[PDB]
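Single chain ahead, written as C-alpha cells, the form deposited in one PDB entry.
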C-alpha cells in the first residue's frame, strides 16, 4: 500500500506553488478554495439532516408499532414485530455493504486517520462507498443496534469533500477547468480535513469540538490557513443542521423536530465544588481508565476473532450481522422483564410514567402508576437512552440491579457489535457503557454528595471515552457542546486526565489498535530512545542498493526499471557524477505514453517540453503501464528526463541518526528522502517503510 506525494516540485512547468500563477488564476483558486469549504459544510449538513430525518421516522414508526401491541398486552406480537423490523433493516444495511462496498464497514476514522498521515488507502472516498455508508448507517442505527451515526458521519463528510474535490464521481467527473488546481495531494488532504471536521460537527452538533477533533486526532499536519476553512465548514454545518431542525418544528416533517437544538441538554444543574466530592470524581476517573483499558484489550481479541469469520465468504458476514441483530433485539426486549416495577415519586416533577416513543420514565409492563426502570434505557432509540441517563433532577430513578443489568448488557454489545459488516461507530456504545457506571456510582454515593447523578453519568461517559480513545481537548469541548454545562468543564476534564493517564499505563489507544490490526503503516510522532544510537548509513548497509537513471536515459533502461522494480521514485545521476534529484514513476509512464523520444543524447531546451506537456497533464494519475507497448526498434531511442525531475529533494547525510531523519521525514511531508554521502553521490533512499520502528527492530534485534 503506497503513500502520497506531498512534496512540492519547484519547477516552472508543474506550477505546484499556487501563488506563482497569474493573477486571474490566483483569484480563481482563492475563490474555489472557500467555495468548496462552503459546499462541504452545506452538503454534510444536508446529508446528516437527511440521515436524522429518515432514522427518526423509521425508528419512530417502528417503536409506535411496538407500543401499539404493548398497550394491548400482547408481548409476543410486539417481540415479533421488533425482531422482524430489526432483522429487515440490518439485512438491508449489511447486504449493501458486503456486496457493493465492503470498505464501508466499520467507523471510518481509523482510516481517515491514516489517509491524513499520507497512506494512500484505496477505494475509500468513492461515490458508492458514500451512498452505501448513508443507507447502511440509516438501516443500521434504525435497527436498534449498539452502533451510532457518530462515526460514519466522519467518513460521509470525507467522501463529500473528495467528490467535491475531483468534481463528481470517479468516472463521471465534470470537465470544469477551474477544478484543475485541486488535483494535487495537498489540496486533497486539506479538503478531507475540512470534511472530517465537518462530519464530527454534523455528528455531535458541536463546531469547535469538530475542529479540535480534526486538529488533535485525525489530521497530523496542521496549518493555520487550514484552521480558518475547517472553521467555516463546521460553521455552515451547524447552521444548516439547526435551521433544518427549526424548519421541521411543529411536525411538518412527521417526527424529527420534537428534540431541540442542543442534543443532551443538562444545563440546569449548577454543579458545585464540595470537598467531599474529590474521592468519587477520581474514582470515576480511575474506573474509567481501567474499564477503557479492559475494553480495548477485549475488543482487540474480538476483532481478531472477526477477522477469521470475514474471510470465510460473503455469506458469513451476513450471517454474523443478522445474528448480532437478533441477539440485540432479543436482549433489548426480553431483559426488562427481569427488573421489578418501582412506584412513582412526586418529588421528581417529571411526568411518570410515559407511553410513547420518547424517554422520561417509560413503562411497558408495569401497572398504572408504576414505571419500568430498565425499559427507560432499553426499548428506546439510543439518542434518548442517553438523555434518560443524563436526566437532571432525578434522584434514584434507576436501581442498582437494573443499572448493573444495563451495564453488563451494553459492555457485551459494544464488543460484539463493533466489527460486524454494517457501518458501525464507537462513540455511542462507549457513551452508554460509561453513563451506566457513572450513574451506578451516583446511586452508590447517594446523600454523601452534591453533584447530580446525571452529571455523574456525564462524567462516567467522558471518563470511559477518555480511557478508551485517549483524547483530552476534543472530548471536553464535545461534552461541553453536548451538555451545554459550562461550569462542568473543569471537573469533566479533571476526570478525562485521570482516565487517560490510567489507561495509558495498560494499553494503547483504540485507533492505534485498529490501525495495528489493519496493518496500516502509521508513522509515530516522536522517535524511540534507541533510534538515536543508530545512523542512516547503518540502515542502508542492510538494504538492496539504490536503482538510478541518468539524465538523458535510454528507453530500454526506463522500461527495465519500470517492469522489474516496484519503486515509485528513482534518483537521477549523470554517470563527474552530478546528482539532479528524484523522478517519479508517474512521470516515467507519462514520457513513455506521450512518445517523447529523441534520436541522439541531446539535452532538450525548455520550449520542447512546453510544447509536449501541459501543467494539468503532469498531475493526471489516470495511467497504467500495461496498456502501452513499446516497439523494440524504438527501445533504443532517448528520453530527456531533465525537465520532469524533482530537482530539489530533501537530503540527509549518512551519519544522521534515524531519530532526526524520522523527525525531518514526518515534519515536512516527504514520501522520499535521499541520502547523500558525507564528503556515487547517492547511497540510498529512505521511505516510510524504512523509518517505522517495527521494521527497524526486525533488522537489528539487539537494539531494544
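Residue numbers count along the first chain shown, from 1. By rigid core we mean the largest C-alpha set that fits within 1.5 Å across both forms.
As for the form deposited in another entry, it is not shown, yet the points below apply to it.
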Out of 181, 370, 427, 306, the residue that alone shifts its CA by 2 Å or more between the shown form and the other one when the rigid core is the reference: 370
Per-residue C-alpha change between the shown form and the other one, residue 564, threshold 2 Å, rigid core fit: no
Large Cα shift (2 Å or above) at residue 249 between the shown form and the other one, core-fitted: yes
Residue 259 C-alpha moves between the shown form and the other one by 2 Å or more, core aligned: yes
Residue 261 and residue 236, C-alpha gap in the other entry relative to this structure (3 Å or more): farther
Cα-Cα shift for residue 255 and residue 52, closer or farther in the other entry, minimum 3 Å: farther
